[PDB]
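K.L.:
So that we are looking at the same thing, I have put the structure below in structure tokens.
Rule-based calculations on the coordinates, nothing more; no lab input. Here the Cβ positions follow ideal geometry from the backbone for every residue, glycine too, while neighbour counts run over all protein chains shown.
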Number of protein chains: 2
Amino acid sequence: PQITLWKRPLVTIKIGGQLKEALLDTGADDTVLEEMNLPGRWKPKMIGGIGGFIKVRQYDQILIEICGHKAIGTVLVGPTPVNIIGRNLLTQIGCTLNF
Amino acid sequence: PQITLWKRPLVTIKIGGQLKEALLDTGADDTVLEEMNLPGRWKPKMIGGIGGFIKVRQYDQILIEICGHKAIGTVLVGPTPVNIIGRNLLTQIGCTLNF
Ligand SMILES: CC(C)CN(C[C@@H](O)[C@H](Cc1ccccc1)NC(=O)O[C@H]1CO[C@H]2OCC[C@H]21)S(=O)(=O)c1ccc(N)cc1
């Protein structure tokens, strides 16, 4: 689909059997989601936004279904104010900016 | 143009007679730039994201040329680690997500 940016580009995602809404964020290198439980072993990391940094838990090779499109990749879990789909997963569903 | 997201969507902008590179950020509601001089009056504001908040100076009706696309709108000036073109200006140049 083609999403215009008059409203936030919010889409529905399915991850770990749960439904959520996430923000298609071209400004985010990595996908970051609010607190939740996920499989596999995770390792610490720190990511920086506009107001500093937060501590997240990095999960690799995690399946996400973004508005119907499936993708497997890194997912960061931490105290983000918004669920964010970063470029690490946007490239997999073949998303592009166009103007 | 069509911009893929394998690399950060950095583009060339032209504001206040200066040349810079900015991040086409669909996750950003409004445009935020690093410190610089701009014309006219401004008002204090605070914007929040991953990590917390920063104090910015809001300039209204500021001319920017994004990849050769002219736009006039709100421009926030503050300690952002990256120059961010937010949705407030992406809409004016006809930017859309497509997958
Ligand atoms: C976090 C979003 C809900 C909103 N943000 C835009 C977002 O693209 C930021 C904007 C951004 C871009 C680069 C550097 C700092 C902030 N990027 C970001 O947080 O990504 C982080 C998670 O993955 C990593 O990728 C880069 C930073 C990490 S924001 O910076 O806080 C913001 C909020 C409001 C306005 N008007 C302008 C910008």
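K.L.:
Can you check what the Kirkwood hydrodynamic radius comes to for the protein assembly as shown, Cα pairs only, in Å to one decimal?
P.N.:
About 17.3 Å for the protein assembly as shown.
K.L.:
Can you work out D for chain B in µm² s⁻¹ from Stokes-Einstein, where Rh is the Kirkwood radius over C-alpha pairs, the temperature is 37 °C and the viscosity is 0.692 mPa s?
P.N.:
My calculation gives 238 µm²/s for D.
K.L.:
Related question: Would you list B:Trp6, B:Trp42 from fewest to most Cβ contacts within 10 Å?
P.N.:
Neighbour counts put them in this order, fewest first: B:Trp6, B:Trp42.
K.L.:
Given the options A:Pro9, A:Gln61, A:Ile84, identify the residue whose Cα lies farthest towards the positive end of the charge dipole of chain A (+1 on Cβ of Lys, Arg; -1 on Cβ of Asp, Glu).
P.N.:
Result: A:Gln61.
K.L.:
Would you mind ranking B:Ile93, B:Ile62 so that the residue whose beta carbon has the fewest other beta carbons within 10 Å leads the list?
P.N.:
B:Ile93, B:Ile62
K.L.:
To the nearest 20 debye, what charge dipole does chain A have about its Cα centre, counting +1 at the Cβ of each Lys and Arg and -1 at the Cβ of each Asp and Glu?
P.N.:
That gives chain A a dipole magnitude of about 120 debye.
K.L.:
Using +1 at the C-beta of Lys and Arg and -1 at the C-beta of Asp and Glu, which of A:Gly73, A:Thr26, A:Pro44 has the Cα lying farthest in the positive direction of the dipole of chain A?
P.N.:
The residue sitting farthest along the positive end of the dipole is A:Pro44.
K.L.:
If you don't mind, there's one more thing I want to ask. To the nearest 0.05, how large is the calculated FRET efficiency for B:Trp6 and B:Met46 if R₀ is 30 Å and r is the Cβ-Cβ distance?
P.N.:
Efficiency at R0 = 30 Å is approximately 0.35.
K.L.:
Separate question: Taking only pairs that are 8 or more places apart or on different chains, how many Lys pairs in chain A have Cα atoms under 19 angstrom apart?
P.N.:
Taking the Cα cut-off of 19 Å, the pair count is 5.
K.L.:
Additional query: How big is the dipole moment of the range B:12-62 about its Cα centre under a simple scheme where the beta carbon of each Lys and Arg is +1, that of each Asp and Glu is -1, and everything else is neutral? Debye, nearest 20, please.
P.N.:
For this selection, approximately 260 debye.
K.L.:
Which residues in the range B:66-85 have a backbone N closer than 15 Å to a point placed 7 Å from the Cα of B:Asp60 along the Cα-to-Cβ line?
P.N.:
B:72-76
K.L.:
Hey, what's the Cα Rg ratio for the range A:22-70 versus the globular rule of thumb, 2.2 N^0.38 Å?
P.N.:
This ratio for the range A:22-70 stands at 1.24.
K.L.:
Gap in Å between the Cα centre of the range A:1-43 and the Cα centre of the range B:18-86?
P.N.:
Cα centroid to Cα centroid, the span is 24 Å.
K.L.:
Compute the FRET efficiency between A:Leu19 and B:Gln18 as 1/(1 + (r/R0)^6), taking r as their Cβ-Cβ distance and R0 = 41 Å, and round to the nearest 0.05.
P.N.:
Efficiency at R0 = 41 Å is approximately 0.35.
K.L.:
Right, next: With an 8 Å Cα cut-off and a minimum separation of 6 or more residues, compute the relative contact order for chain B in percent.
P.N.:
Relative CO of chain B lands at 33 percent.
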